[PDB]
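*Asks:* Sequence lines, in order, name chains X and E. Residues in the first sequence are numbered from 11 upward in steps of one, following our numbering. Residues in the second sequence are numbered from 100 upward in steps of one, following our numbering. This is the structure I want to talk about, given as structure tokens.
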Amino acid sequence: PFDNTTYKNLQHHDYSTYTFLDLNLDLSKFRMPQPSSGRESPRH
Amino acid sequence: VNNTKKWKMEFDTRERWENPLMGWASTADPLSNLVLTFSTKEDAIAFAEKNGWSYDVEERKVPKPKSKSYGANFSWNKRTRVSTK
């Protein structure tokens, strides 16, 4: 059934304060190992 | 750096004392304000030797050239990153 009348983006009515950061915490496992500069910080 | 361009001949400082009436800097050195301008070191040395002034010479201290890189402020692995800008 083709519909061009209803706004399908109703999910952002259900976003809380920590939604972005919990999505980041969920995506923390799918990611490649970060590159390293060879030192702990530019002050090390 | 326009005051580093020429050589200067001055003399040793002598005693400046307090005027008893006003507290002014009394001097007895006639050569306390004598500063001579020379283009090269050798002209000043020749003028000192011509007048019988015993002299000491300090060599011209130019700053050595630097290595400046604006991208060095934002390096990947070097300590030369700026922590802020």
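Cβ atoms here follow ideal geometry from the backbone N, Cα and C, with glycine treated the same way.
With distances taken between CB atoms, is the gap from E/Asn176 to X/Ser51 smaller than 7 Å?
*Replies:* no
*Asks:* At a CB distance below 8 Å, what residues from the segment 33–53 of chain X approach chain E? Give them in sequence order.
*Replies:* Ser47, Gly48, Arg49, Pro52 and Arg53
*Asks:* Let's see if you can read the secondary structure: which residues bound the alpha helix (DSSP H) around E/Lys140?
*Replies:* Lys140 to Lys149
*Asks:* Could you confirm whether any beta carbon from chain X is found closer than 7 Å to the beta carbon of residue 60 of chain E?
*Replies:* The displayed coordinates of chain E run from 100 to 184. Any statement about residue 60 of chain E would go beyond what the structure contains.
*Asks:* Looking only at C-alpha atoms, which of E/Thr183, E/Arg178 and E/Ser125 sits nearest to residue 97 of chain E?
*Replies:* Shown here, chain E extends from 100 to 184; a query on residue 97 of chain E therefore has no answer.
*Asks:* Exposed or buried, what is E/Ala143 when buried is set at 16 or more other beta-carbons lying within 10 Å of its beta-carbon?
*Replies:* buried
*Asks:* Look at the alpha carbon of X/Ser26 and the alpha carbon of E/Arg180, and state the distance between them as a whole number of angstroms.
*Replies:* CA-to-CA, the gap between X/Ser26 and E/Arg180 works out to about 37 Å.
*Asks:* For E/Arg180, return the contacting residues in chain X, with the cut-off set at a CB-CB distance below 7 Å.
*Replies:* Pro52
*Asks:* At the level of alpha carbons, what is the spacing between X/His22 and X/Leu35?
*Replies:* 19 Å
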